[PDB]
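Notes follow once the structure below has been shown.
Chain letters run A, B, ... following the sequence lines, proteins first, then strands; residues in each count from 1.
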Amino acid sequence: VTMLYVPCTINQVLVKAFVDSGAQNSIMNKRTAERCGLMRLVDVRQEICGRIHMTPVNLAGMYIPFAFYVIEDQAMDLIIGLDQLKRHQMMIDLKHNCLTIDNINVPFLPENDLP
Amino acid sequence: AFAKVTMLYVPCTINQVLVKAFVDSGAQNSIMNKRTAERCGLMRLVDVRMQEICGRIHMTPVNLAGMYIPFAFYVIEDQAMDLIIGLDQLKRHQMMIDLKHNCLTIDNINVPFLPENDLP
């Protein structure tokens, strides 16, 4: 079965985010953080580069404030963990194959559109 | 300051044995550990054709949301989680992980996620 990925834009940079209800924390790898021009927002206070407390993420057409850690040696570009899934009251709808946020649905990417 | 959200667990009964299942949309396969398979009396249903992977259970009734739902999962010996509900079974049964209402929805029946106190 195809794993869950959603398209999102961070500083006009396309990012394919991994949706993981089993993950405690949301994590972005260092390469994507550099490409999005976010390293200046990293609070450095080990693999963990630091934590970004708030940055706008264009997901489902809306600019949603996200918080996530930055790590260097992660295969995934961006992991949307349970922390952010709950804060924004998201819905992983596998009957309709979409991620729902405030009545807007983001269809999960097909297998061909996966990293 | 610190704050950790409660991980997703749902109560279900397998062979009248209460099982606290871990809901993981990032997990490809559903997995039950050997200890839970033994307590539920499921080792006879384990397929021997493949931390040793004991085998795969092709179909067993799981009472979830009041319904006897046919589940398929692997059995592993050295797994901390009693039962992991992976993406395979989440999609197979058209489930919905509703974090606005804090429940797992199947056929418009809701299973509230267990509070932190009831977690394993």
Next on the checklist: One pair to check against side chain to side chain contact (heavy atoms under 4.5 Å, CB included): A:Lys86 and B:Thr6. What are the steps and the verdict?
Outcome noted: CA-CA 10 Å; A:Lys86 285 195 185 198; B:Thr6 305; 4.1 Å; yes

Checklist entry - Between B:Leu99 and A:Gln89, is a side chain to side chain contact (heavy atoms under 4.5 Å, CB included) present by the stated rule, with each step listed? => result CA-CA 5 Å; B:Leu99 303 153; A:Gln89 318 202 119; 5.9 Å; no

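A:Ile79 is connected to B:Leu90 through a chain of hydrophobic side-chain contacts under 4.5 Å among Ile, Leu, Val, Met, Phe, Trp and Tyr, so both are in one cluster. Note on B:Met50 and B:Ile31: same hydrophobic cluster, where clusters join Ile, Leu, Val, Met, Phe, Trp and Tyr whose side-chain heavy atoms are under 4.5 Å apart, directly or indirectly. Note on B:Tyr68: it does not cluster hydrophobically with B:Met32, by side-chain heavy-atom contacts below 4.5 Å among ILVMFWY residues.
In this structure, B:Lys4 and A:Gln24 have side chains that are in contact, with non-hydrogen atoms separated by less than 4.5 Å. Residues B:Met96 and A:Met91 form no side-chain contact, since every pair of their non-hydrogen atoms from C-beta on lies 4.5 Å or further apart. By the 4.5 Å heavy-atom criterion applied to side chains, A:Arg87 and B:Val5 are not counted as neighbours.
Checked by atom type and distance alone, the side chain of A:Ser21 pairs as donor or acceptor with a backbone atom of B:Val23 at under 3.5 Å.
Remark: A:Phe68 pairs with no residue by the ring pair (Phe, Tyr, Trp, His ring centres under 6.0 Å) rule, at least two apart or across chains. Considering only residues two or more places apart in sequence or on other chains, A:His53 meets the side chain to side chain contact (heavy atoms under 4.5 Å, CB included) condition with A:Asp43.
Residues of residues 7-19 of chain B lying within less than 4.5 angstrom of chain A, judged on heavy atoms, are B:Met7, B:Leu8 in numerical order. Residues from residues 101-120 of chain B that place a non-hydrogen atom less than 4.5 Å from a non-hydrogen atom of chain A comprise B:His101, B:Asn102, given in numerical order.
With chain B as the partner, the residue from A:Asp20, A:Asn25, A:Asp83 showing the most heavy-atom pairs under 4.5 Å is A:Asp20.
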